[PDB]
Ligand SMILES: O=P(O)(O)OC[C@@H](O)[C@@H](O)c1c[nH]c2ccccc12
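We begin with a single chain expressed as structure tokens, specifically the form deposited without ligand IGP.
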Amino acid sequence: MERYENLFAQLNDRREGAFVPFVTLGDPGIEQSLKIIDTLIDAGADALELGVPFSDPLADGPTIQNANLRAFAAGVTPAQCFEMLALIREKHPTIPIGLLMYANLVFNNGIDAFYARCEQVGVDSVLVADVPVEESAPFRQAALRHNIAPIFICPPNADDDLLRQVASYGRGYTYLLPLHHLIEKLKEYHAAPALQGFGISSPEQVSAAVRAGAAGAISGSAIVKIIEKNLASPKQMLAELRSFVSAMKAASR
């Protein structure tokens, strides 16, 4: 949690938006994944959202689905993903790191134990993609006991009752998926700062989201397509990532 508060307060003083790329841990293998992540941060990522591979990602589109299959081809498991997060944190102490998890991997060895393991490796937030606010109480409580922000998606089909619960239960940031209005209500209910998600794959959409009142943007799959296209040349992959991220970050300024 704290790292988000620090980050947004810093971006607000520079009147800048956050740019937050998503990638699957371990895709296309551990060593190359560590390097992609380092590159996204060197290029200007303000925070990261990191996928843990799960067999049945019923909430992901094809790009991400393929990212998981590459990660599983590499033998990656959640216990390896947590070694990777510990390493990434020991390299970059302030960048907030978010996980995008499926509920079974959080529930598996005990929900409080999952959030205790997050806290020990230095994760700041977790979005459980298949737990709606209705089912979230044990997840949010355990998250809070271990100082981890539980993130919720605020869907376009959201109504008032939902906006109030997402504002009350969420911390760190609200994952936003009448744009200008949703934002105004979230602000009115003092929700965690909104990141516009989905669809974000060019600079002009980053500027647009900040203009609308969001605190920033998250690019849910564009980084992943860059990986997929460049599998044959790891050096060209890093180059285009860096290029893509510097341009999106520039747009948030």
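Note that residue numbering begins at 1 and tracks the sequence as displayed. Between two forms, the rigid core is the largest collection of C-alphas that superpose within 1.5 Å.
Averaged over structures and residues, the CA distance from the shown form in 8 other deposited structures of this protein after a core fit is larger for 52-60, of the two stretches 52-60 and 203-211.
Between 42-50 and 214-222, the larger root mean square Cα shift in 8 other deposited structures of this protein, once each structure is superposed on the rigid core, falls on 214-222. According to the record, 10 or more deposited residues between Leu177 and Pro178 are left without atomic coordinates. Set 46-54 against 216-224 and average the Cα temperature factors; 216-224 ends up higher.
Across the two stretches, 34-42 and 197-205, the PDB entry reports the greater mean Cα temperature factor for 197-205.
The residue among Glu119, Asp160, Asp112, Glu134 whose C-alpha atom has the highest B-factor in the PDB entry is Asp160.
When the C-alpha B-factors of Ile95, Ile153, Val126, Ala73 are read from the PDB record, the largest value belongs to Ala73. Ranked by Cα temperature factor within the chain, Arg171 sits in the lowest third according to the deposited record. Sorting the modelled residues of the chain by their CA temperature factor places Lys249 in the middle third.
Among all modelled residues in this chain, the alpha-carbon of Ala59 has a temperature factor (C-alpha) in the highest third.
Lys91 sits in the middle third of its chain by CA B factor, as recorded in the PDB entry. Placement of the Cα temperature factor of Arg140 within the chain: lowest third of the modelled residues, per the deposited record.
There is also a form deposited with ligand IGP bound; it is not shown, and the following applies to it.
Counting atoms of ligand IGP, placed from its pose in the deposited bound form by superposing the C-alphas round the site, that lie within 2.4 Å of this form's backbone or C-beta atoms gives 3 or more, so the site is blocked.
Residues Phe107, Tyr115 and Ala142 are none of them found to lie within 4.5 Å of ligand IGP in the deposited bound form, as judged by heavy atom distances. A heavy atom within 4.5 Å of ligand IGP in the deposited bound form is found for one listed residue only; from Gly213, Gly29, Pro203, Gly199, this is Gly199.
Annotated contact segment (heavy atom within 4.5 Å of ligand IGP in the deposited bound form): 94-102, selected among 107-115, 94-102, 142-150, 71-79. In the deposited bound form, ligand IGP lies within 4.5 Å of some heavy atom of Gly220. Proximity of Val121 to ligand IGP in the deposited bound form falls outside the 4.5 Å heavy atom cutoff.
Ligand IGP in the deposited bound form is not approached by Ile36, whose heavy atoms all lie more than 4.5 angstroms from it. In the deposited bound form, none of the heavy atoms of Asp46 sits within 4.5 Å of a heavy atom of ligand IGP. Contacts to ligand IGP in the deposited bound form (heavy atom within 4.5 Å) from stretch 58-81: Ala59, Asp60, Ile64.
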